[PDB]
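Visitor: Let me begin by handing over the structure; questions about it come next.
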Number of protein chains: 2
Amino acid sequence: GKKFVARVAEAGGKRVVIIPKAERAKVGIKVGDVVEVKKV
Amino acid sequence: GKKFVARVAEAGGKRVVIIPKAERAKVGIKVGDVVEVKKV
């Protein structure tokens, strides 16, 4: 339930939210994890 | 404040949340928009 703020970016012709290593460590996110994305 | 569920994926050597066109339309997200990402 921990969260972080980010910006939608364009990478490889896709709209993505890049998750830096620091943010992964703070929120406890690994590849494959399910997340909730909310527009602010 | 609208939200959608997604999975952290790996693309271009980065950990990202791909946002499909349908999800962008439902949540009202454009590139550059600030979003909140919460681990479920």
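FYI, nothing fancy with the structure tokens labels: chains A, B, ... in order, residues from 1 per chain, ligands from 1 as they appear.
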Would you superpose chain A on chain B, least squares on all C-alpha atoms in order, and hand back the fitted chain as a PDB file with N, CA and C atoms, in the first residue's frame?
Guide:
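New file out_31.pdb:
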ATOM      1  N   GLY A   1      -8.521  11.243 -10.404  1.00  0.00           N
ATOM      2  CA  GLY A   1      -8.593  10.275  -9.292  1.00  0.00           C
ATOM      3  C   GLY A   1      -9.071   8.908  -9.751  1.00  0.00           C
ATOM      4  N   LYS A   2      -9.249   8.721 -11.062  1.00  0.00           N
ATOM      5  CA  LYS A   2      -9.677   7.409 -11.621  1.00  0.00           C
ATOM      6  C   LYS A   2      -8.453   6.493 -11.608  1.00  0.00           C
ATOM      7  N   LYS A   3      -8.637   5.173 -11.517  1.00  0.00           N
ATOM      8  CA  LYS A   3      -7.446   4.292 -11.422  1.00  0.00           C
ATOM      9  C   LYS A   3      -7.599   3.008 -12.238  1.00  0.00           C
ATOM     10  N   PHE A   4      -6.482   2.328 -12.461  1.00  0.00           N
ATOM     11  CA  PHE A   4      -6.489   1.047 -13.200  1.00  0.00           C
ATOM     12  C   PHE A   4      -5.395   0.163 -12.614  1.00  0.00           C
ATOM     13  N   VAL A   5      -5.549  -1.139 -12.807  1.00  0.00           N
ATOM     14  CA  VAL A   5      -4.652  -2.159 -12.301  1.00  0.00           C
ATOM     15  C   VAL A   5      -3.731  -2.592 -13.427  1.00  0.00           C
ATOM     16  N   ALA A   6      -2.467  -2.810 -13.092  1.00  0.00           N
ATOM     17  CA  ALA A   6      -1.458  -3.141 -14.085  1.00  0.00           C
ATOM     18  C   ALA A   6      -0.379  -3.975 -13.423  1.00  0.00           C
ATOM     19  N   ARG A   7       0.558  -4.420 -14.243  1.00  0.00           N
ATOM     20  CA  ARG A   7       1.689  -5.221 -13.740  1.00  0.00           C
ATOM     21  C   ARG A   7       2.986  -4.530 -14.144  1.00  0.00           C
ATOM     22  N   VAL A   8       3.936  -4.463 -13.221  1.00  0.00           N
ATOM     23  CA  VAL A   8       5.272  -3.993 -13.536  1.00  0.00           C
ATOM     24  C   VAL A   8       5.933  -4.965 -14.505  1.00  0.00           C
ATOM     25  N   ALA A   9       6.381  -4.407 -15.623  1.00  0.00           N
ATOM     26  CA  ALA A   9       7.029  -5.185 -16.687  1.00  0.00           C
ATOM     27  C   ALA A   9       8.447  -4.666 -16.896  1.00  0.00           C
ATOM     28  N   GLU A  10       9.219  -5.381 -17.703  1.00  0.00           N
ATOM     29  CA  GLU A  10      10.588  -4.940 -18.046  1.00  0.00           C
ATOM     30  C   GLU A  10      10.573  -4.625 -19.538  1.00  0.00           C
ATOM     31  N   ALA A  11      11.004  -3.426 -19.905  1.00  0.00           N
ATOM     32  CA  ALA A  11      11.044  -3.010 -21.322  1.00  0.00           C
ATOM     33  C   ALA A  11      12.233  -2.067 -21.500  1.00  0.00           C
ATOM     34  N   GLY A  12      13.110  -2.354 -22.458  1.00  0.00           N
ATOM     35  CA  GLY A  12      14.291  -1.501 -22.687  1.00  0.00           C
ATOM     36  C   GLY A  12      15.219  -1.454 -21.486  1.00  0.00           C
ATOM     37  N   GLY A  13      15.334  -2.547 -20.723  1.00  0.00           N
ATOM     38  CA  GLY A  13      16.203  -2.586 -19.533  1.00  0.00           C
ATOM     39  C   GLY A  13      15.691  -1.723 -18.390  1.00  0.00           C
ATOM     40  N   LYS A  14      14.402  -1.402 -18.400  1.00  0.00           N
ATOM     41  CA  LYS A  14      13.815  -0.572 -17.321  1.00  0.00           C
ATOM     42  C   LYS A  14      12.579  -1.270 -16.755  1.00  0.00           C
ATOM     43  N   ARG A  15      12.245  -0.949 -15.516  1.00  0.00           N
ATOM     44  CA  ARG A  15      11.038  -1.466 -14.850  1.00  0.00           C
ATOM     45  C   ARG A  15       9.967  -0.430 -15.161  1.00  0.00           C
ATOM     46  N   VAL A  16       8.909  -0.789 -15.894  1.00  0.00           N
ATOM     47  CA  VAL A  16       7.874   0.211 -16.279  1.00  0.00           C
ATOM     48  C   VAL A  16       6.474  -0.349 -16.059  1.00  0.00           C
ATOM     49  N   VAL A  17       5.495   0.541 -16.099  1.00  0.00           N
ATOM     50  CA  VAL A  17       4.062   0.160 -16.084  1.00  0.00           C
ATOM     51  C   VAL A  17       3.534   0.615 -17.440  1.00  0.00           C
ATOM     52  N   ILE A  18       3.290  -0.316 -18.361  1.00  0.00           N
ATOM     53  CA  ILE A  18       2.762   0.082 -19.693  1.00  0.00           C
ATOM     54  C   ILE A  18       1.316   0.504 -19.496  1.00  0.00           C
ATOM     55  N   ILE A  19       0.926   1.610 -20.101  1.00  0.00           N
ATOM     56  CA  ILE A  19      -0.474   2.092 -19.985  1.00  0.00           C
ATOM     57  C   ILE A  19      -1.134   1.939 -21.350  1.00  0.00           C
ATOM     58  N   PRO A  20      -2.025   0.947 -21.549  1.00  0.00           N
ATOM     59  CA  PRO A  20      -2.663   0.749 -22.840  1.00  0.00           C
ATOM     60  C   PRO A  20      -3.497   1.975 -23.216  1.00  0.00           C
ATOM     61  N   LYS A  21      -3.824   2.112 -24.501  1.00  0.00           N
ATOM     62  CA  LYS A  21      -4.624   3.263 -24.986  1.00  0.00           C
ATOM     63  C   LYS A  21      -5.982   3.278 -24.280  1.00  0.00           C
ATOM     64  N   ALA A  22      -6.608   2.112 -24.115  1.00  0.00           N
ATOM     65  CA  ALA A  22      -7.921   2.034 -23.443  1.00  0.00           C
ATOM     66  C   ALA A  22      -7.802   2.616 -22.036  1.00  0.00           C
ATOM     67  N   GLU A  23      -6.781   2.200 -21.296  1.00  0.00           N
ATOM     68  CA  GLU A  23      -6.616   2.690 -19.906  1.00  0.00           C
ATOM     69  C   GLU A  23      -6.391   4.201 -19.923  1.00  0.00           C
ATOM     70  N   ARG A  24      -5.601   4.691 -20.870  1.00  0.00           N
ATOM     71  CA  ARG A  24      -5.357   6.149 -20.930  1.00  0.00           C
ATOM     72  C   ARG A  24      -6.697   6.858 -21.089  1.00  0.00           C
ATOM     73  N   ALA A  25      -7.552   6.349 -21.975  1.00  0.00           N
ATOM     74  CA  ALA A  25      -8.873   6.966 -22.201  1.00  0.00           C
ATOM     75  C   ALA A  25      -9.737   6.853 -20.948  1.00  0.00           C
ATOM     76  N   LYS A  26      -9.689   5.731 -20.238  1.00  0.00           N
ATOM     77  CA  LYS A  26     -10.575   5.579 -19.059  1.00  0.00           C
ATOM     78  C   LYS A  26     -10.132   6.490 -17.918  1.00  0.00           C
ATOM     79  N   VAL A  27      -8.830   6.551 -17.667  1.00  0.00           N
ATOM     80  CA  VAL A  27      -8.305   7.328 -16.513  1.00  0.00           C
ATOM     81  C   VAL A  27      -8.036   8.777 -16.916  1.00  0.00           C
ATOM     82  N   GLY A  28      -7.986   9.065 -18.214  1.00  0.00           N
ATOM     83  CA  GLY A  28      -7.716  10.428 -18.715  1.00  0.00           C
ATOM     84  C   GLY A  28      -6.244  10.771 -18.579  1.00  0.00           C
ATOM     85  N   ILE A  29      -5.376   9.871 -19.029  1.00  0.00           N
ATOM     86  CA  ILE A  29      -3.909  10.056 -18.881  1.00  0.00           C
ATOM     87  C   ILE A  29      -3.291  10.396 -20.230  1.00  0.00           C
ATOM     88  N   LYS A  30      -2.418  11.394 -20.253  1.00  0.00           N
ATOM     89  CA  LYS A  30      -1.633  11.750 -21.459  1.00  0.00           C
ATOM     90  C   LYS A  30      -0.158  11.742 -21.058  1.00  0.00           C
ATOM     91  N   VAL A  31       0.737  11.695 -22.018  1.00  0.00           N
ATOM     92  CA  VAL A  31       2.174  11.692 -21.632  1.00  0.00           C
ATOM     93  C   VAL A  31       2.473  13.019 -20.923  1.00  0.00           C
ATOM     94  N   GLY A  32       3.220  12.971 -19.829  1.00  0.00           N
ATOM     95  CA  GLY A  32       3.543  14.193 -19.078  1.00  0.00           C
ATOM     96  C   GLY A  32       2.703  14.320 -17.827  1.00  0.00           C
ATOM     97  N   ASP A  33       1.587  13.604 -17.776  1.00  0.00           N
ATOM     98  CA  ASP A  33       0.677  13.633 -16.608  1.00  0.00           C
ATOM     99  C   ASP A  33       1.342  12.999 -15.390  1.00  0.00           C
ATOM    100  N   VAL A  34       1.058  13.537 -14.221  1.00  0.00           N
ATOM    101  CA  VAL A  34       1.616  12.995 -12.966  1.00  0.00           C
ATOM    102  C   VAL A  34       0.639  11.934 -12.482  1.00  0.00           C
ATOM    103  N   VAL A  35       1.152  10.807 -12.021  1.00  0.00           N
ATOM    104  CA  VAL A  35       0.274   9.708 -11.551  1.00  0.00           C
ATOM    105  C   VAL A  35       0.811   9.195 -10.225  1.00  0.00           C
ATOM    106  N   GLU A  36      -0.046   8.529  -9.456  1.00  0.00           N
ATOM    107  CA  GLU A  36       0.355   7.888  -8.182  1.00  0.00           C
ATOM    108  C   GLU A  36       0.364   6.376  -8.431  1.00  0.00           C
ATOM    109  N   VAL A  37       1.448   5.700  -8.062  1.00  0.00           N
ATOM    110  CA  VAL A  37       1.593   4.229  -8.248  1.00  0.00           C
ATOM    111  C   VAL A  37       1.649   3.627  -6.858  1.00  0.00           C
ATOM    112  N   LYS A  38       0.747   2.690  -6.590  1.00  0.00           N
ATOM    113  CA  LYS A  38       0.622   2.051  -5.268  1.00  0.00           C
ATOM    114  C   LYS A  38       0.808   0.544  -5.440  1.00  0.00           C
ATOM    115  N   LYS A  39       1.645  -0.082  -4.619  1.00  0.00           N
ATOM    116  CA  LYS A  39       1.807  -1.548  -4.710  1.00  0.00           C
ATOM    117  C   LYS A  39       0.555  -2.179  -4.133  1.00  0.00           C
ATOM    118  N   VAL A  40       0.027  -3.204  -4.783  1.00  0.00           N
ATOM    119  CA  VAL A  40      -1.217  -3.806  -4.253  1.00  0.00           C
ATOM    120  C   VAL A  40      -0.875  -4.956  -3.311  1.00  0.00           C
TER     121      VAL A  40
END
Visitor: DSSP on the backbone: what in chain B comes out alpha helix (DSSP H), as a PyMOL selection string?
Guide: chain B and resi 21-27
Visitor: From the DSSP assignment of the backbone, select every residue of chain B that is strand (DSSP E), and format the answer as a VMD selection string.
Guide: chain B and resid 3 to 7 9 to 11 14 to 18 34 to 39
